[PDB]
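These are the residues of each chain, in order.
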Amino acid sequence: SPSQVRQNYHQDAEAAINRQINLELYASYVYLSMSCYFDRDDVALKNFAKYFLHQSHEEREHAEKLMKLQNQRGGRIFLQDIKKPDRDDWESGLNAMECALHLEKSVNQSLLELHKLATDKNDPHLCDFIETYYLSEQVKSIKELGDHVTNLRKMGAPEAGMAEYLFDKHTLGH
Amino acid sequence: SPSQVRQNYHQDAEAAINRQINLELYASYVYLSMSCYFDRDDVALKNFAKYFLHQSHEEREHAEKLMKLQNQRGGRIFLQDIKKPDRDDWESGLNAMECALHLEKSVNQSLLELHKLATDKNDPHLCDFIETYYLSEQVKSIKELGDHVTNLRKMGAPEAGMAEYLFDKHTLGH
Amino acid sequence: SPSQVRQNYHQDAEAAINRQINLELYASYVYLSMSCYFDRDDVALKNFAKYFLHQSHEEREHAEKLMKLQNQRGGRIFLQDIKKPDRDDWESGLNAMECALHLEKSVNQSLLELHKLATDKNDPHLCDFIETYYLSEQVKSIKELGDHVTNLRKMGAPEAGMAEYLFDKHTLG
Amino acid sequence: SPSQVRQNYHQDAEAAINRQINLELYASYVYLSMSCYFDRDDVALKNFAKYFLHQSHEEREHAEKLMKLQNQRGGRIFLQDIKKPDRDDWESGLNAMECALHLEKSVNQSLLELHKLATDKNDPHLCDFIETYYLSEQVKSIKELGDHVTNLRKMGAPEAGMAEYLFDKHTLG
Amino acid sequence: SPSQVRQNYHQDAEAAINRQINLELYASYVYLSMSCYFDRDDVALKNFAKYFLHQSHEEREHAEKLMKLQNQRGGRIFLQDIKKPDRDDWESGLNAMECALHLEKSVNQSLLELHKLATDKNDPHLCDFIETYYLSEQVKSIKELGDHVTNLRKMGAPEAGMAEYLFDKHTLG
Amino acid sequence: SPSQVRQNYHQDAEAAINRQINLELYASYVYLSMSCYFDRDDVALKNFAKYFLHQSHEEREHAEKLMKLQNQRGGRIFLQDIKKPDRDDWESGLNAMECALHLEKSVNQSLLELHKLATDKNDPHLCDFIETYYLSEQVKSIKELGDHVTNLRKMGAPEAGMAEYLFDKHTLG
Ligand SMILES: [Fe+3]
Ligand SMILES: [Mg+2]
Ligand SMILES: [Mg+2]
Ligand SMILES: [Mg+2]
Ligand SMILES: [Mg+2]
Ligand SMILES: [Mg+2]
Ligand SMILES: [Mg+2]
Ligand SMILES: [Mg+2]
Ligand SMILES: [Mg+2]
Ligand SMILES: [Mg+2]
Ligand SMILES: [Mg+2]
């Protein structure tokens, strides 16, 4: 029954990876939705849109690499429905960022829970893969997003209407 | 209520674009499921995997550009769940290509129905948009996929074991 | 009468093209007025002026390309007076953009009436010309003007006096 | 039973594409016959010859592209005899340009009957293919040929003996 | 009350700069009309068309630079209707060239009137501006067009049919 | 009434050259049919199609070069219908090549009967032309086609399904 390549790869880890695949695809979709909001003619912050589109494509890459890992270890990929995001209207540049921060923290939780699952099953390869490709990336993104929320807040966003405009230019422009 | 940019853009065209968006996201996911399959150690056809990963990324491109068009015309993007594919085991390179042909024919059907809806609402811009970016690329993909299916069959795939291996090298490795 | 090249080209299409030539030239003049206004020493927004000057030249190119199409199909160009813009004083950066938007949507509406006329006379060449060179340019222009209007509004133009200044630098510069 | 790739492609469109193909090939032969005539030691207008040679090759490309389309849509090509042109002797530069103008108007009318067929069958891919590669190319060509005929006439062709010689140098060379 | 930058700029010079602007724009439109006539399939003189298109764009540049001067000096631009040219059919290359000469002379006379006015108001900046960018450009244009008229005439235009054809290649190519 | 350049050019040679022109154009059409066939979605051998398309264009060039020779020698070109190929469906890679081989040998036979005719009429220039440009080209084409047919057969074409596919890649790719 098991793959000829399979070794030290617990069925709980396999299952966890397929959930994590789902989650990265979800995040990709969330970011795509945010991107689309900022491209609207009545929002119209082009570098906010471009920033989220770029983040959407990075999340897809995160999902594809986890698919590759699955196949490497001789697990089997089981896709599920990718759920629409919880809203269509993201309200403002500040709120989009706070929602991305929250998302990224959720995804980091899931990943830290995976690493623990890997640790308890004594799977150092999987521990290393997660550490090497996902954990510092997340930490870096969380810090970035926090830095963005902080600046947009101190600037008076979203009520002070120059704020999101100038941030779009100077921080995301780049 | 309506967007400041909105002109000659019927609510049914809007709704139809949002459905087409979902369908293109669906297609992308079908193609990624196939890519994952060919990457399995017990399938191990690397250019079939690369070919479908590439189709998957193209379909995501198709979705994104339909979202750009939606914003351009002043419609509002309403995302839905992306449904998983109808299976995770694609059986063989021949079968994957026949399913791909089928898929592309389904997507062309929807595009042609969208074009008809645009024509009946006298939306020449939407007609042109669909013509210019979608209909020709569909006819081209449908013809390519049919050529692939024909070759794999004439070659004796999948029962003749060298067929999928060589096709992988000569047709999909170029 | 008829031209040796004239095929499947209805005289109502021939008249409607001459009206569209006039409208494109009219839009060129409106844009030129706007550019002049932003070059005023008491208005003094250089990138707004440059922006409208560029749009004014694009409209002249649209007019010239309809003239070439008319001659191509064996129609005859008949020119009319280009009317002056409805005002001299465009009042602010926001206001000018919003008048530009209104202007582009009036042109777009005319071009869609043109396409409809060409559809009903079964002139697929004229339908394709219009789609290929006018309709998607219009849609893109309308989206851009719409974007610009929104940012200016969101910024507090015109009453927050730094709004048009910075828009002039970061978006039009 | 139908091709595995066939979708939304009516049997009458398939038939009409096969007739267009033959027409394109016929026109190529007509242009080649003209090239042959101008290369005669008793006519000897090298650039007329080269012009009609280039037109012949273009028309063959048109034919090939329609066959590509037939196969893309899952149609089946059925070739027919390419009829010889209606004469061997084309008389003059002017007369050959006039006959070329009549030929391209006849092929255009057949493309327009094809596009009205495509439209009637709700085949937007075929309609766009025809617009994109055939209809604008036909109008350009008819306009060019009309321009040539008009200059040759104004020049005094063929009775003023210098007219086709100089045209051949200045316009066609 | 007047612009912060206004100094030594009389109200009549300001009005008279607004009439000149309109004159330059009319002349642009006149040259465009002439361009369109030479692009007709029944006239078909491509270089005569290019030439007058080029003159059209120059005249518009002349209008634009006059709008610039107006703002530089603190005057206000007041645009008027641009009147259609006095005809649509320009008859021949010779006659278009003859009418182009009469047009450039009428514009020159208006510039000379404008300079007299600048002189009488002791506006040396305006006089210099007119001499530098307009007066010697006009004289060169008027000499060029006279030269074109003279050749066309000596060549037998428009009755000698080869005349406008060969002028079009040798002088205007 | 003979051409001013005609010398030592018999009217049977003149008629025979007109027949070879028709035969070369026929060969061009045959090979184009074949190309269209391999481009079918249910045949789908791209390098086969590519191969026969290049052959079709080479045959058109052979036809055009005989047309030039005819004019060179003072003969007059008389064009005939180009008959359609004897079928539409070329059944397989192997079969098409065997048909091309038979085709090339029929054209070579015609070219040898032509040479014989120019020999019997003592037309050493026509003999030389035929040899220099036709005869060794046919010999090489015939050899190449025979090589292809032999490899396809040895390979198990068309019953072994991989044969034409692999041949398409390695020999024609
Ligand atoms: Fe700033
Ligand atoms: Mg991630
Ligand atoms: Mg560790
Ligand atoms: Mg798609
Ligand atoms: Mg249409
Ligand atoms: Mg326009
Ligand atoms: Mg053609
Ligand atoms: Mg089109
Ligand atoms: Mg001037
Ligand atoms: Mg001076
Ligand atoms: Mg040959």
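Residues numbered from 1 in each chain as written, not as in the entry; some residues may be left out. Chains lettered and ligands numbered in written order. Part of a larger assembly, values for the part shown. Heavy atoms only, no water.

Method of determination for the deposited model, per the PDB record: X-ray crystallography, at 2.2400 Å resolution.

## Concerning the overall build of chain C
What chain C contains, in helices and strands, is 5 helices and 0 strands. Listing the helices and strands of chain C from first to last along the sequence gives α-α-α-α-α. Considered along the principal axes of its C-alpha atoms, chain C spans approximately 60 × 25 × 25 Å. Counting every position in chain C, which comprises 173 residues, the buried fraction comes to 63%. Accessible area for chain C stands at about 6800 Å²; split by element, carbon and sulfur atoms hold 50% of it. Charged side chains in chain C number 21 positive and 28 negative. The centres of these two groups are separated by 3 Å. (Helix = DSSP H or I, 4+ residues; strand = E, 2+ residues; numbered from the N terminus. Buried < 20%, exposed > 50% of the residue type's maximum accessible area, 1.4 Å probe, protein only. Areas by Shrake-Rupley, 256 points an atom, 1.4 Å probe, with all protein chains shown as cover. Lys, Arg positive; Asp, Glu negative; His and termini not counted. Charge placed at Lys NZ, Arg CZ, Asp CG, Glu CD.)

## Some points on the relation of the copies chain B and chain A
When chain B is fitted to chain A, the residual RMSD is 0.1 Å, and the transformation amounts to a turn of 180° plus an axial shift of 0.0 Å. Within this description, the copies of the chain are treated as partners about a two-fold rotation axis. Taking the C-alpha atom as reference, chain B places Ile82 of chain B closest to the rotation axis, 2.5 Å from it. Both copies share a contact surface, since 100% of the interface residues of chain B are interface residues in chain A too. (Least-squares fit on C-alpha atoms. Contact = heavy atoms within 4.5 Å.)

## What about empty space enclosed by the protein?
On inspection of all chains with the given rule, the structure shows 7 cavities of 30 Å³ or more. Considered as a void within the structure, the largest cavity measures approximately 210 Å³ in volume. Taken together, 16 residues form the lining of the largest cavity, with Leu25, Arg60 and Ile82 of chain D together with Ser28 and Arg60 of chain F sitting closest to its centre. When contributions to the lining of the largest cavity are tallied by element, the ones reaching two or more residues are α1 (11-38) and α2 (46-73) of chain D together with α1 (11-38) and α2 (46-73) of chain F. (1 Å grid on protein atoms, 1.4 Å probe; cavity = no way out; pocket = protein on both sides within 12 Å on 5 of 7 lines; lining within 4 Å. Points joined across faces, edges and corners; volume = space filled by probe spheres on them.)

## Comments concerning the UniProt feature "binding site: Fe cation 2" in chain C
Residues and elements named next belong to chain C. UniProt marks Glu59, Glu104 and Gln138 with the feature "binding site: Fe cation 2", using the numbering shown here. These annotated residues cover 80 residues of sequence, and their C-alpha atoms lie no more than 10.9 Å from one another, placing them together at a single site. Position of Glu59 relative to the elements: it lies in helix α2 (residues 46-72). Setting aside chain neighbours within four positions, we find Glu59 in contact with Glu24, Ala27, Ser28, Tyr31 and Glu104. Following the sequence through the fold, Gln138 ends up in helix α4 (residues 124-155). Setting aside residues no more than four positions away along its own chain, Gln138 makes contact with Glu104, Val107, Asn108 and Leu111. A polar contact of 2.8 Å, which involves the side chain of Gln138, links it to the side chain of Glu104. (UniProt positions renumbered as here; feature names shortened; annotations may be inferred. Polar contact = N/O pair within 3.5 Å; in protein donor to acceptor, adjacent residues only side chain to side chain.)

## As for the coordination of the magnesium ion (ligand 6)
Residue and element names in this part refer to chain C. In the first shell of the magnesium ion (ligand 6), the protein supplies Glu24 (OE), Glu59 (OE) and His62 (ND1), at 2.1 to 2.3 Å from the metal. In primary-sequence terms, the residues that donate to the magnesium ion (ligand 6) follow E-x34-E-x2-H. Of the two residues, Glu59 and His62 both sit in helix α2, 3 residues apart, roughly one turn of that helix. Considered together, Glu59 and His62 belong to a single accessibility category, that of buried residues. (Donors = N, O, S within 2.8 Å, 3.2 Å for Na, K, Ca; no water.)

## Some points on the interface of chain B and chain A
Often, the extent of an interface is quoted as the loss of accessible area on bringing the components together. Residue-level contacts link 34 residues of chain B with 34 residues of chain A. Here chain B packs against chain A, burying approximately 3000 Å² in sum over the two surfaces, 47% of which is carbon and sulfur. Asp81 of chain B serves as the salt-bridge partner of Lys83 of chain A, at 3.6 Å between the closest nitrogen and oxygen. Looking at the side of chain B that touches chain A, the element that brings in the most residues is helix α2 (residues 46-72) of chain B, giving 8 residues. Residues that form the side of chain B that touches chain A fall into these classes: 12 nonpolar, 10 polar and 12 charged. (Buried area = accessible area lost by both parts, 1.4 Å probe. Salt bridge = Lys/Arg side-chain N within 4 Å of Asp/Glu carboxyl O. Nonpolar A, V, L, I, M, F, W, Y, C, P; charged D, E, K, R; others polar.)

## Structural notes on the nonpolar core
Within soluble globular proteins, side chains that are nonpolar tend to cluster in buried spots. Counting residues in each nonpolar core, the largest one holds 113 residues, and the members touching the most others are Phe52 and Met97 of chain C together with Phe52 and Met97 of chain E. Counting residues in hydrophobic clusters, the runner-up holds 112 residues, among them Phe129 of chain A together with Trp90, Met97 and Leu103 of chain B. (Core = buried A, V, L, I, M, F, W, Y, C linked by side-chain atoms within 4.5 Å.)

## Topic: the packing of helix α2 (residues 46-73) of chain E against helix α4 (residues 124-155) of chain E
Residue and element names in this part refer to chain E. Following both chains from N to C, one finds α2 and α4 inclined at 170°, their axes separated by 12 Å at the closest point. Judged by the angle between their axes, α2 and α4 are roughly antiparallel. In this structure, α2 meets α4 at a crossing whose hand is left-handed. From α2, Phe48, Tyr51, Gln55, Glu58, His62, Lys65, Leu66, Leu69, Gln72 and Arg73 reach across to α4, where they touch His125, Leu126, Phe129, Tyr133, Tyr134, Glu137, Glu144, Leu145, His148 and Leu152. Partitioning the contact of α2 with α4 into residue classes produces 10 nonpolar, 5 polar and 5 charged. (Axes fitted to C-alpha atoms, helices over the stretch in contact; angles between N-to-C directions. Parallel < 35°, antiparallel > 145°, perpendicular 65-115°, else oblique. Left-handed = near helix turned anticlockwise from the far one by under 90°.)

## Notes on the UniProt feature "binding site: Fe cation 2" in chain A
All names here are of chain A. Per the UniProt record, the feature "binding site: Fe cation 2" sits at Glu59, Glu104 and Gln138. Examined against the element boundaries, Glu59 turns out to sit in helix α2 (residues 46-72). A relative accessible area of 2% means that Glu59 is categorised as buried. Those residues in contact with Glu59 that lie beyond four places of it in its chain are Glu24, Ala27, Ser28, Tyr31 and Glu104. Within the secondary structure layout, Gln138 lies in helix α4 (residues 124-154). Its relative accessible area of 1% is what places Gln138 among the buried residues. If sequence neighbours within four positions are ignored, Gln138 has contacts with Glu104, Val107, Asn108 and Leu111.

## Here we look at the pattern of salt bridges
Applying the stated rule across the entire model yields 79 salt bridges over all chains. Of the charged contacts in the structure, one is a salt bridge between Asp41 of chain D and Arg76 of chain F, with a shortest N-O distance of 3.0 Å. Here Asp41 of chain D is found in the loop between α1 and α2, whereas its partner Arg76 of chain F is found in the loop between α2 and α3 (93-120) on a different chain. Neither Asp41 of chain D nor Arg76 of chain F differs from the other in exposure class; each is buried. Between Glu64 of chain F and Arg60 of chain F there is a salt bridge whose closest N-O contact spans 2.5 Å. With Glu64 of chain F and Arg60 of chain F both in helix α2 and 4 residues apart, this pair spans about one turn of that helix.

## As for the interface of chain A and chain C
On the chain C side, the residues contacting the 13 residues of chain A number 13 residues. Taken over both partners, the interface formed by chain A and chain C buries close to 1100 Å², and the fraction arising from carbon and sulfur atoms is 62%. A per-residue breakdown of the area chain A buries against chain C is headed by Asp41, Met162 and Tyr165 of chain A, which together make up 50% of the total. Along the contact surface separating chain A from chain C lie 0 salt bridges. Split into classes, the residues belonging to the side of chain A that touches chain C amount to 6 nonpolar, 2 polar and 5 charged.

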